[PDB]
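K.L.:
What follows is the file work-v5.tsv, containing TSV, C-alpha atoms and all ligand atoms:
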chain	number	residue	atom	x	y	z
R	1	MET	CA	96.02	80.98	122.26
R	2	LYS	CA	92.66	82.64	121.63
R	3	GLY	CA	92.95	85.68	119.40
R	4	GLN	CA	96.40	84.69	118.11
R	5	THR	CA	97.51	83.24	114.79
R	6	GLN	CA	100.61	81.47	113.52
R	7	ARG	CA	100.68	83.97	110.63
R	8	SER	CA	103.37	86.62	110.99
R	9	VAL	CA	102.84	87.99	107.46
R	10	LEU	CA	99.51	88.80	105.77
R	11	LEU	CA	98.88	89.59	102.09
R	12	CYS	CA	96.25	92.13	101.00
R	13	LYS	CA	95.64	92.80	97.31
R	14	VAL	CA	94.44	96.35	96.68
R	15	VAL	CA	92.34	95.76	93.57
R	16	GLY	CA	90.90	98.55	91.46
R	17	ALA	CA	90.74	100.40	88.18
R	18	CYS	CA	93.42	102.85	87.07
R	19	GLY	CA	93.12	106.20	88.84
R	20	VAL	CA	90.96	105.14	91.81
R	21	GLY	CA	93.75	105.88	94.31
R	22	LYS	CA	95.50	102.54	94.90
R	23	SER	CA	99.04	103.92	94.89
R	24	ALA	CA	98.06	106.76	97.24
R	25	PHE	CA	96.35	104.21	99.52
R	26	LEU	CA	99.61	102.25	99.80
R	27	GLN	CA	101.39	105.52	100.63
R	28	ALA	CA	98.79	106.30	103.32
R	29	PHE	CA	99.43	102.87	104.86
R	30	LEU	CA	103.02	104.07	105.30
R	31	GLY	CA	101.69	107.23	106.97
R	32	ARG	CA	101.92	109.61	104.00
R	33	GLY	CA	99.01	111.54	102.53
R	34	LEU	CA	98.76	113.28	99.17
R	35	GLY	CA	101.93	115.16	98.25
R	36	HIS	CA	103.79	113.85	101.30
R	37	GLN	CA	104.35	110.64	99.30
R	38	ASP	CA	107.84	109.16	98.94
R	39	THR	CA	108.57	106.64	96.22
R	40	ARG	CA	112.13	105.39	96.77
R	41	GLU	CA	111.43	103.50	100.03
R	42	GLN	CA	109.45	100.46	98.84
R	43	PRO	CA	109.01	98.63	95.52
R	44	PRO	CA	106.43	100.13	93.17
R	45	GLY	CA	103.06	98.53	93.73
R	46	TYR	CA	103.94	97.24	97.21
R	47	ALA	CA	103.82	98.65	100.72
R	48	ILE	CA	104.77	96.68	103.84
R	49	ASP	CA	104.60	97.81	107.46
R	50	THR	CA	103.68	96.40	110.83
R	51	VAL	CA	100.10	96.35	112.15
R	52	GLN	CA	98.88	95.32	115.60
R	53	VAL	CA	96.26	92.55	115.61
R	54	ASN	CA	94.96	91.71	119.12
R	55	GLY	CA	98.21	92.95	120.67
R	56	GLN	CA	100.44	90.92	118.32
R	57	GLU	CA	102.67	92.57	115.73
R	58	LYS	CA	101.97	91.43	112.17
R	59	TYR	CA	103.40	92.37	108.80
R	60	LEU	CA	100.77	93.49	106.29
R	61	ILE	CA	101.75	93.48	102.60
R	62	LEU	CA	99.65	95.72	100.38
R	63	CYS	CA	99.95	94.62	96.74
R	64	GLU	CA	98.56	96.99	94.10
R	65	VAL	CA	96.64	95.26	91.28
R	66	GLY	CA	94.93	97.02	88.40
R	67	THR	CA	91.68	95.94	86.74
R	68	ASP	CA	91.47	98.11	83.60
R	69	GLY	CA	90.64	96.34	80.34
R	70	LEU	CA	91.99	92.80	80.19
R	71	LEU	CA	93.14	92.98	83.81
R	72	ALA	CA	89.49	92.62	84.88
R	73	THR	CA	89.68	88.98	83.73
R	74	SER	CA	93.44	88.33	83.86
R	75	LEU	CA	93.59	88.53	87.65
R	76	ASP	CA	95.40	86.26	90.10
R	77	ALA	CA	92.88	86.70	92.91
R	78	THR	CA	94.83	84.75	95.55
R	79	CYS	CA	95.38	86.75	98.75
R	80	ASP	CA	94.50	86.74	102.44
R	81	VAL	CA	92.12	89.71	102.06
R	82	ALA	CA	91.01	91.58	98.94
R	83	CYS	CA	90.66	95.35	99.22
R	84	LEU	CA	88.31	96.24	96.34
R	85	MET	CA	88.67	99.98	95.70
R	86	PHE	CA	86.36	102.24	93.71
R	87	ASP	CA	86.42	106.01	93.23
R	88	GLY	CA	83.78	107.52	95.52
R	89	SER	CA	83.73	110.67	93.37
R	90	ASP	CA	83.20	108.73	90.12
R	91	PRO	CA	79.61	107.74	89.25
R	92	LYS	CA	80.76	104.86	87.00
R	93	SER	CA	83.48	103.51	89.29
R	94	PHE	CA	81.52	101.12	91.51
R	95	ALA	CA	79.91	99.03	88.76
R	96	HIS	CA	83.31	97.94	87.44
R	97	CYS	CA	84.50	97.19	90.98
R	98	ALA	CA	81.35	95.15	91.68
R	99	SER	CA	81.89	93.14	88.48
R	100	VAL	CA	85.42	92.25	89.60
R	101	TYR	CA	84.02	90.94	92.89
R	102	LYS	CA	81.36	88.79	91.21
R	103	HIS	CA	83.78	87.18	88.76
R	104	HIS	CA	86.70	86.54	91.14
R	105	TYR	CA	85.57	86.59	94.79
R	106	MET	CA	81.78	86.30	95.14
R	107	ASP	CA	81.52	82.59	96.04
R	108	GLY	CA	85.04	82.14	97.41
R	109	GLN	CA	86.43	82.09	100.93
R	110	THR	CA	88.65	85.18	100.65
R	111	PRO	CA	87.40	88.10	102.80
R	112	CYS	CA	86.62	91.22	100.77
R	113	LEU	CA	86.47	94.86	101.88
R	114	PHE	CA	84.99	97.47	99.56
R	115	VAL	CA	86.73	100.83	99.91
R	116	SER	CA	85.27	104.12	98.64
R	117	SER	CA	88.30	106.27	97.85
R	118	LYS	CA	88.58	110.07	97.57
R	119	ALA	CA	86.02	110.69	100.31
R	120	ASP	CA	87.27	114.29	100.56
R	121	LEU	CA	85.88	115.09	97.10
R	122	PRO	CA	82.23	115.70	96.21
R	123	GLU	CA	80.53	112.32	96.12
R	124	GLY	CA	79.56	110.78	92.80
R	125	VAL	CA	76.47	108.57	92.72
R	126	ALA	CA	75.67	106.14	89.93
R	127	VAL	CA	72.53	106.60	87.86
R	128	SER	CA	71.35	102.99	88.15
R	129	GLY	CA	71.28	100.83	91.27
R	130	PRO	CA	72.26	99.45	93.58
R	131	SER	CA	74.27	101.74	95.84
R	132	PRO	CA	77.60	100.39	97.15
R	133	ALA	CA	76.06	99.97	100.61
R	134	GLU	CA	73.06	98.12	99.18
R	135	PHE	CA	75.33	95.83	97.15
R	136	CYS	CA	77.35	94.84	100.22
R	137	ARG	CA	74.21	94.15	102.27
R	138	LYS	CA	72.86	91.81	99.58
R	139	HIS	CA	76.13	89.94	98.97
R	140	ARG	CA	76.78	90.03	102.75
R	141	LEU	CA	80.04	91.97	102.77
R	142	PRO	CA	81.03	94.58	105.35
R	143	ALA	CA	79.76	98.07	104.67
R	144	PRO	CA	82.05	99.91	102.22
R	145	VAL	CA	84.65	101.96	104.09
R	146	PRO	CA	85.23	105.56	102.93
R	147	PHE	CA	88.86	106.63	102.79
R	148	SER	CA	90.72	109.84	101.99
R	149	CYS	CA	94.39	110.63	101.45
R	150	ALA	CA	94.08	114.44	101.26
R	151	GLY	CA	93.78	117.12	103.94
R	152	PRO	CA	96.64	118.38	106.09
R	153	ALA	CA	95.75	115.74	108.69
R	154	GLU	CA	97.57	112.43	108.99
R	155	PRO	CA	95.78	109.59	107.15
R	156	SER	CA	93.62	107.38	109.33
R	157	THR	CA	95.08	103.98	110.21
R	158	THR	CA	91.80	102.23	111.10
R	159	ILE	CA	91.18	100.58	107.73
R	160	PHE	CA	94.62	98.95	107.75
R	161	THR	CA	94.00	97.40	111.16
R	162	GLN	CA	90.68	96.23	109.73
R	163	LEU	CA	92.32	94.68	106.66
R	164	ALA	CA	94.98	92.96	108.77
R	165	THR	CA	92.34	91.57	111.16
R	166	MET	CA	90.23	90.26	108.27
R	167	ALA	CA	93.34	88.63	106.79
R	168	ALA	CA	94.38	87.09	110.11
R	169	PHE	CA	90.96	85.68	111.09
R	170	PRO	CA	89.05	85.13	107.83
R	171	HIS	CA	86.25	83.10	109.46
R	172	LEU	CA	84.98	85.98	111.64
R	173	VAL	CA	84.28	88.37	108.75
R	174	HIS	CA	80.58	88.83	108.02
R	175	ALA	CA	77.87	91.31	107.03
R	176	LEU	CA	74.42	90.17	110.92
R	177	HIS	CA	71.01	89.78	112.58
R	178	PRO	CA	70.64	90.71	115.30
R	179	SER	CA	73.66	93.02	115.66
H	1	LIG	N1	91.35	114.26	96.38
H	1	LIG	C1	91.96	113.04	96.37
H	1	LIG	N2	92.71	112.71	95.30
H	1	LIG	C2	93.24	111.49	95.42
H	1	LIG	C3	93.08	110.57	96.56
H	1	LIG	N3	93.76	109.44	96.33
H	1	LIG	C4	94.32	109.65	95.11
H	1	LIG	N4	94.02	110.84	94.56
H	1	LIG	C5	94.50	111.33	93.24
H	1	LIG	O1	93.93	110.49	92.24
H	1	LIG	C6	94.88	110.23	91.21
H	1	LIG	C7	95.10	108.73	91.09
H	1	LIG	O2	95.67	108.20	92.29
H	1	LIG	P1	96.66	106.93	92.25
H	1	LIG	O3	97.08	106.67	93.67
H	1	LIG	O4	97.74	107.10	91.24
H	1	LIG	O5	95.65	105.81	91.71
H	1	LIG	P2	96.00	104.39	91.06
H	1	LIG	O6	96.13	104.58	89.56
H	1	LIG	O7	94.82	103.58	91.47
H	1	LIG	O8	97.27	103.86	91.67
H	1	LIG	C8	96.12	111.04	91.58
H	1	LIG	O9	96.05	112.34	90.97
H	1	LIG	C9	96.00	111.20	93.09
H	1	LIG	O10	96.68	112.35	93.60
H	1	LIG	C10	92.24	111.04	97.69
H	1	LIG	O11	91.97	110.44	98.75
H	1	LIG	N5	91.76	112.28	97.45
H	2	MG	MG	98.95	103.14	90.98
Kindly present the structure from the file in structure tokens form.
P.N.:
Amino acid sequence: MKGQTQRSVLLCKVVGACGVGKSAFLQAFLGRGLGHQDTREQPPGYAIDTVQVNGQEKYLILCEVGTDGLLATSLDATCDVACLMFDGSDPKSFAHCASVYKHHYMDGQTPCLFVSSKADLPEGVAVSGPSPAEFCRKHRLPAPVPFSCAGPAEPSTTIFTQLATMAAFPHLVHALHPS
């Protein structure tokens, strides 16, 4: 039917440098913010839970993948959607994240979502250009999504529905004129 897919299980790789918040992001997928985390439920570097996509229950696997040092080149990029994470409070974070995209995903068919982590902290701009938003406009990616794991409030679930939807229907992801 329209809006349905044979896929029951979707794979997202959460790809980013050490310290950008990948492990906390996986915990937030399971409904746990900073401190409220709980390690002994799922394997390290993995988080699985159900996500609704157009009324249908899907399983989304988040798979944590580092990019520090040699990992920036020694990357198995295969996944249904790549979540490219950079530290929104770190001036130097985005450039490394953008380089990973260019070398592994830029001219592929895998949907990519840039995520600006630690949105609760004071923002950290880079000295050179371009901005993360300008980079995504040029390479025709979605606008980078800010995310935060802190606060006493429950973590938002919107970005995980977005990742699951991109994974389920990879041909309807885009940047678009007119809107
Ligand atoms: N303020 C804040 N700190 C965060 C957030 N996410 C992660 N951190 C902290 O940043 C550090 C690295 O996070 P971690 O999840 O281990 O990153 P990883 O190395 O990419 O897996 C830890 O001290 C976290 O508590 C966030 O949204 N806000
Ligand atoms: Mg980690």
K.L.:
Can you tell me which residues come within 7 Å of ligand MG 2 (chain H) when counting only C-alpha atoms and all ligand atoms, ideally as number ranges by chain?
P.N.:
R: 18-19, 21-23, 45, 64
K.L.:
For ligand LIG 1 (chain H), which residue out of R:113, R:70, R:28, R:119 is the nearest one, using all atoms listed in the file?
P.N.:
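The shortest atom-to-atom distance to ligand LIG 1 (chain H) comes from R:119.
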K.L.:
Counting only C-alpha atoms and all ligand atoms, which protein, DNA or RNA residues come within 9 Å of ligand LIG 1 (chain H), given as a ChimeraX atom specification?
P.N.:
/R:14-27,33-35,45,64-66,85-87,89,117-121,147-151
K.L.:
Emit the selected residues as a PDB file, keeping the file's coordinate frame, including C-alpha atoms.
P.N.:
ATOM      1  CA  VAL R  14      94.440  96.350  96.680  1.00  0.00           C
ATOM      2  CA  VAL R  15      92.340  95.760  93.570  1.00  0.00           C
ATOM      3  CA  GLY R  16      90.900  98.550  91.460  1.00  0.00           C
ATOM      4  CA  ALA R  17      90.740 100.400  88.180  1.00  0.00           C
ATOM      5  CA  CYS R  18      93.420 102.850  87.070  1.00  0.00           C
ATOM      6  CA  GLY R  19      93.120 106.200  88.840  1.00  0.00           C
ATOM      7  CA  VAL R  20      90.960 105.140  91.810  1.00  0.00           C
ATOM      8  CA  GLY R  21      93.750 105.880  94.310  1.00  0.00           C
ATOM      9  CA  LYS R  22      95.500 102.540  94.900  1.00  0.00           C
ATOM     10  CA  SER R  23      99.040 103.920  94.890  1.00  0.00           C
ATOM     11  CA  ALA R  24      98.060 106.760  97.240  1.00  0.00           C
ATOM     12  CA  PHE R  25      96.350 104.210  99.520  1.00  0.00           C
ATOM     13  CA  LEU R  26      99.610 102.250  99.800  1.00  0.00           C
ATOM     14  CA  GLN R  27     101.390 105.520 100.630  1.00  0.00           C
ATOM     15  CA  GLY R  33      99.010 111.540 102.530  1.00  0.00           C
ATOM     16  CA  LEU R  34      98.760 113.280  99.170  1.00  0.00           C
ATOM     17  CA  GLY R  35     101.930 115.160  98.250  1.00  0.00           C
ATOM     18  CA  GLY R  45     103.060  98.530  93.730  1.00  0.00           C
ATOM     19  CA  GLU R  64      98.560  96.990  94.100  1.00  0.00           C
ATOM     20  CA  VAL R  65      96.640  95.260  91.280  1.00  0.00           C
ATOM     21  CA  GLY R  66      94.930  97.020  88.400  1.00  0.00           C
ATOM     22  CA  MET R  85      88.670  99.980  95.700  1.00  0.00           C
ATOM     23  CA  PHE R  86      86.360 102.240  93.710  1.00  0.00           C
ATOM     24  CA  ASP R  87      86.420 106.010  93.230  1.00  0.00           C
ATOM     25  CA  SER R  89      83.730 110.670  93.370  1.00  0.00           C
ATOM     26  CA  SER R 117      88.300 106.270  97.850  1.00  0.00           C
ATOM     27  CA  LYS R 118      88.580 110.070  97.570  1.00  0.00           C
ATOM     28  CA  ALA R 119      86.020 110.690 100.310  1.00  0.00           C
ATOM     29  CA  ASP R 120      87.270 114.290 100.560  1.00  0.00           C
ATOM     30  CA  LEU R 121      85.880 115.090  97.100  1.00  0.00           C
ATOM     31  CA  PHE R 147      88.860 106.630 102.790  1.00  0.00           C
ATOM     32  CA  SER R 148      90.720 109.840 101.990  1.00  0.00           C
ATOM     33  CA  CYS R 149      94.390 110.630 101.450  1.00  0.00           C
ATOM     34  CA  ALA R 150      94.080 114.440 101.260  1.00  0.00           C
ATOM     35  CA  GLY R 151      93.780 117.120 103.940  1.00  0.00           C
TER      36      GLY R 151
END
K.L.:
Taking into account only C-alpha atoms, which residue in the set R:115, R:168, R:145, R:95 is nearest to residue 130 of chain R?
P.N.:
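The answer is R:95, which sits nearest to residue 130 of chain R.
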K.L.:
Leaving out residue 126 of chain R and any residue of its chain fewer than 2 positions from it, which residues lie within 8 Å of it when counting all atoms listed in the file, given as a ChimeraX atom specification?
P.N.:
/R:90-92,94,124,128-129,131
K.L.:
From the list R:10, R:141, R:62, R:98, which residue is nearest residue 172 of chain R when using all atoms listed in the file?
P.N.:
R:141
K.L.:
Figure out the distance between atom CA of residue 76 of chain R and atom CA of residue 13 of chain R, please, to one decimal in Å.
P.N.:
9.7 Å
K.L.:
What gap, in Å, lies between atom CA of residue 4 of chain R and atom CA of residue 54 of chain R?
P.N.:
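Going from atom CA of residue 4 of chain R over to atom CA of residue 54 of chain R, I get 7.2 Å.
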K.L.:
What is the atom CA of residue 88 of chain R-atom CA of residue 123 of chain R distance in Å, reported with one decimal?
P.N.:
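Computed distance, atom CA of residue 88 of chain R to atom CA of residue 123 of chain R, equals 5.8 Å.
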K.L.:
Pick out the closest residue to residue 125 of chain R from this set: R:161, R:72, R:93, R:47. Count all atoms listed in the file.
P.N.:
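For residue 125 of chain R, the nearest of the given residues is R:93.
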K.L.:
For residue 2 of chain R, which of R:155, R:108, R:55, R:31 is the closest residue, counting only C-alpha atoms?
P.N.:
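Closest to residue 2 of chain R of all the choices is R:55.
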K.L.:
Which neighbours of residue 142 of chain R fall inside 10 Å, counting all atoms listed in the file, when residues of the same chain fewer than 3 positions from it are skipped, and could you give them as JSON, numbers by chain?
P.N.:
{"R": [111, 112, 113, 114, 133, 136, 137, 139, 145, 173, 174, 175, 176]}
K.L.:
Store the residues of this selection in a file with C-alpha atoms, as a compact mmCIF listing (two decimals), in the frame of the given file.
P.N.:
# COMPACT_ATOMS: atom_id res chain seq x y z
CA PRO R 111 87.40 88.10 102.80
CA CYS R 112 86.62 91.22 100.77
CA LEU R 113 86.47 94.86 101.88
CA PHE R 114 84.99 97.47 99.56
CA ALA R 133 76.06 99.97 100.61
CA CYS R 136 77.35 94.84 100.22
CA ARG R 137 74.21 94.15 102.27
CA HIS R 139 76.13 89.94 98.97
CA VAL R 145 84.65 101.96 104.09
CA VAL R 173 84.28 88.37 108.75
CA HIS R 174 80.58 88.83 108.02
CA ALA R 175 77.87 91.31 107.03
CA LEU R 176 74.42 90.17 110.92
K.L.:
For residue 132 of chain R, which residue among R:157, R:96, R:51, R:104 is the nearest when counting all atoms listed in the file?
P.N.:
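Under the stated criterion, the closest residue is R:96.
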K.L.:
Kindly complete segment 84-100 of chain R to N, CA, C and O atoms; the output should be written as a tab-separated table (two decimals), in the coordinates of the input.
P.N.:
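To be explicit, this is the file written out as result_1.tsv:
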chain	number	residue	atom	x	y	z
R	84	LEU	N	88.89	95.85	97.63
R	84	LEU	CA	88.31	96.24	96.34
R	84	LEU	C	87.99	97.73	96.38
R	84	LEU	O	87.08	98.16	97.09
R	85	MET	N	88.74	98.52	95.62
R	85	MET	CA	88.67	99.98	95.70
R	85	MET	C	87.94	100.55	94.50
R	85	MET	O	88.19	100.15	93.36
R	86	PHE	N	87.03	101.49	94.76
R	86	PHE	CA	86.36	102.24	93.71
R	86	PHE	C	86.39	103.71	94.07
R	86	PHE	O	86.49	104.07	95.25
R	87	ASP	N	86.33	104.56	93.05
R	87	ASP	CA	86.42	106.01	93.23
R	87	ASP	C	85.06	106.52	93.72
R	87	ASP	O	84.08	106.48	92.97
R	88	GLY	N	85.01	107.00	94.96
R	88	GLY	CA	83.78	107.52	95.52
R	88	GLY	C	83.26	108.76	94.83
R	88	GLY	O	82.08	109.08	94.95
R	89	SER	N	84.13	109.48	94.11
R	89	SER	CA	83.73	110.67	93.37
R	89	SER	C	83.39	110.37	91.92
R	89	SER	O	83.07	111.30	91.17
R	90	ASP	N	83.46	109.11	91.51
R	90	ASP	CA	83.20	108.73	90.12
R	90	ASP	C	81.92	107.94	90.04
R	90	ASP	O	81.87	106.79	90.52
R	91	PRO	N	80.86	108.51	89.48
R	91	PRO	CA	79.61	107.74	89.25
R	91	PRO	C	79.77	106.34	88.66
R	91	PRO	O	79.10	105.41	89.10
R	92	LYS	N	80.66	106.16	87.68
R	92	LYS	CA	80.76	104.86	87.00
R	92	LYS	C	81.72	103.89	87.67
R	92	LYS	O	81.83	102.75	87.22
R	93	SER	N	82.38	104.30	88.76
R	93	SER	CA	83.48	103.51	89.29
R	93	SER	C	82.99	102.21	89.93
R	93	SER	O	83.59	101.15	89.73
R	94	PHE	N	81.89	102.27	90.70
R	94	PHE	CA	81.52	101.12	91.51
R	94	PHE	C	81.14	99.92	90.66
R	94	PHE	O	81.49	98.78	91.00
R	95	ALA	N	80.40	100.14	89.57
R	95	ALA	CA	79.91	99.03	88.76
R	95	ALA	C	81.05	98.14	88.29
R	95	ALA	O	80.94	96.90	88.32
R	96	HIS	N	82.16	98.74	87.86
R	96	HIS	CA	83.31	97.94	87.44
R	96	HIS	C	83.90	97.19	88.62
R	96	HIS	O	84.27	96.01	88.49
R	97	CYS	N	83.99	97.84	89.78
R	97	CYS	CA	84.50	97.19	90.98
R	97	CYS	C	83.60	96.04	91.40
R	97	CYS	O	84.09	94.97	91.80
R	98	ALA	N	82.28	96.22	91.32
R	98	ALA	CA	81.35	95.15	91.68
R	98	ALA	C	81.47	93.97	90.73
R	98	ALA	O	81.33	92.81	91.17
R	99	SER	N	81.72	94.22	89.44
R	99	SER	CA	81.89	93.14	88.48
R	99	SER	C	83.14	92.32	88.78
R	99	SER	O	83.15	91.10	88.60
R	100	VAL	N	84.21	92.98	89.23
R	100	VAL	CA	85.42	92.25	89.60
R	100	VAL	C	85.14	91.31	90.76
R	100	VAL	O	85.59	90.16	90.78
